[PDB]
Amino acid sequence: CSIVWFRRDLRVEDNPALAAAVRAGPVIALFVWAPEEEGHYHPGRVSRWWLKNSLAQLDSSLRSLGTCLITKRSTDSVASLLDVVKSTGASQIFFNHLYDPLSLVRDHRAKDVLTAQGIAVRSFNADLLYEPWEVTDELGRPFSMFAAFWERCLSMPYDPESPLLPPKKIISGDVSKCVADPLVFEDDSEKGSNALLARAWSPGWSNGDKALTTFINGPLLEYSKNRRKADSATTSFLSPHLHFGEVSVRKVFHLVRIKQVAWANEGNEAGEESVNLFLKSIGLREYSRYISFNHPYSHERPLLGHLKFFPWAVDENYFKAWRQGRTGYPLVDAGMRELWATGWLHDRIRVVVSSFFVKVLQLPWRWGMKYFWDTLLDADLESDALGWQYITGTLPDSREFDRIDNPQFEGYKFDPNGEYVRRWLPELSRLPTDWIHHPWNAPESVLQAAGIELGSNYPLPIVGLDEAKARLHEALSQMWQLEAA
């Protein structure tokens, strides 16, 4: 007997822990659902919907290979492990690493209790190209900025382990345990709100594989020239899959690396450039783990502390307006609407809306992080923290803090013909392009003809940009003065 503990590595291909267990003797595939253990960050509705469906596909896969997936509902995963071993008679437990704060602690507490109880525990790398400790500078210290970190990752003395085939067969220790704990990921209310997800996404490793294939054989070529497309099938759409380990980044890296060589050979400039940008994307995810591991409280504590005494607005209805997409700035409101209705957002819009959140409204970044975590289909502690810290300016490589982006211009850059804004804001579906990104200027006749009544079915800017720069300054003057102490 041997136990495989699945957490966010929901796949049978290139799964070190699984492969080691099969090598060892029969297996018991286990998954334990213990949200309250996740604190303030228990999975949100759409994330849960994804998990529910991903686990079904996982179970189905495992069965095809010989064993079932045993699910347990509990308040303490560690305890659940013990009761499983102390019922099954397993001697070893294999699992893959996780690098978010909550996982770090629980995992140690797991190794301790289990090993100090007569159980052999082995861990592997299933989620990264290289463990954060393998990537370091010449002196041996962790890099403090992305570029340096990513340049080292790509110039390592050795290649990332190559994708392992899934088992050909699995023997299962005790099949009388297959009928286990039913897991409930939706309440009736939520079932309602989830109804359209199945129409757009197919959770699980099989479909993740399909997505990767689609991407590399299509869109990747124009990945670079499509960086300014707000709502188009120009990206990979692998993030939700990646979050639950349904797809191996090592496999992603291998396929991308083969395309890069082929395109370098052909001297296809667009392709190389697109390959570089996409790799930087994969790079940024790897970096999110790097930072979380090298700063255990990064999901709440900022890296840089130069904004320590900054007087953040704590205005509750500023927040509500942001969530509701009632800020007055078309592109920002369109993004909040798309997120609320679908749980999805292109990276550019995530920057646009989170940027507005910290510079125009000036709310605490933890609030934006939490909302995103509750509503994103690919909600990921590490990637979400990295994103917010970067936008807010608490990262060694954040852009200048005293800079406020103009949604009108962002609108011109990313949504030139107002197609995006009009898709997500029906109230503005009749407004001509000349005013789509700044309706508050538009002549009364155009608004009347469009059915738009400023302040009613579309609000006036909840805070002006000019007025915004001023409070930002006033806020700095204040924090600097608070520093004097």
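Numbers follow the displayed sequence, beginning with 1.
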Avg C-alpha B-factor, entry values, 125-133 vs 141-149, higher side is 141-149
Going by the entry, of stretches 112-120 and 192-200 the one with greater average Cα B-factor is 112-120
Max C-alpha B-factor within the set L339, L363, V85, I349 falls on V85
Scanning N406, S274, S288, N265 for peak Cα temperature factor in the entry gives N265
The third of the chain into which the C-alpha temperature factor of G25 falls is the highest
Of the three thirds of the chain ranked by Cα temperature factor, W5 occupies the middle
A442: CA B-factor among chain residues, third -> highest
By the entry's values, the third containing the CA B factor of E427 is the lowest
Sorting the chain's modelled residues by C-alpha B-factor and splitting them into thirds places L465 in the middle
